[PDB]
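Every read-out reported here was derived from the displayed coordinates using simple, explicitly stated rules and does not represent laboratory data. All Cβ positions, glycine included, derive from the backbone under ideal geometry; neighbour counts span all protein chains shown.
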Amino acid sequence: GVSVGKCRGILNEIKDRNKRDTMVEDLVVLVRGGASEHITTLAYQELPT
Amino acid sequence: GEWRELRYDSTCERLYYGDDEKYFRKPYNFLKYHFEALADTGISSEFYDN
């Protein structure tokens, strides 16, 4: 009597993830005339008006 | 250019700009005082993500 056996197994797993985000903003103002307190109030870069 | 600050008159109920001192004297050593008005305001923003 002769008995023989063979077994084999393999597992492969690869994972990849990429994330890229970009955002910019720019502002240019050019005001001529009446450089008093009110135009400094209007010189507020965040609010548009 | 700053002749608009403030002035009040209770007895006359009058509201107007202060008309006391509106003149600037120029010394001999100065060519010109060049009363003008300019304004340039620029904000820069950079947001990057990796």
The one condition in (1) in a loop (DSSP other than H, G, I, E, B); (2) closer than 30 Å to A:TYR44 by Cβ; (3) among the hydrophobic types (A, V, I, L, M, F, W, C) that B:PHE47 fails to fulfil: (1)
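Rundown of residues vs (1) acidic (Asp, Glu); (2) without any contact (Cβ under 8 Å) to a residue 40 or more places away in the chain; (3) in contact with a strand residue (DSSP E or B) (Cβ under 9 Å, 6 or more places away or on another chain), yes/no style:
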position: A:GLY9; (1), (2), (3): no, yes, no
position: A:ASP16; (1), (2), (3): yes, yes, no
position: A:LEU27; (1), (2), (3): no, yes, yes
position: A:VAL31; (1), (2), (3): no, yes, yes
position: A:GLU37; (1), (2), (3): yes, yes, no
position: A:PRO48; (1), (2), (3): no, yes, no
Quick test of your reading of the structure: A:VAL28 fulfils all but one of (1) facing chain B (nearest Cβ under 7 Å); (2) part of a loop (DSSP other than H, G, I, E, B); (3) surrounded by 11 or more Cβ atoms within 10 Å (Cβ to Cβ). Name the failing condition by number. (3)
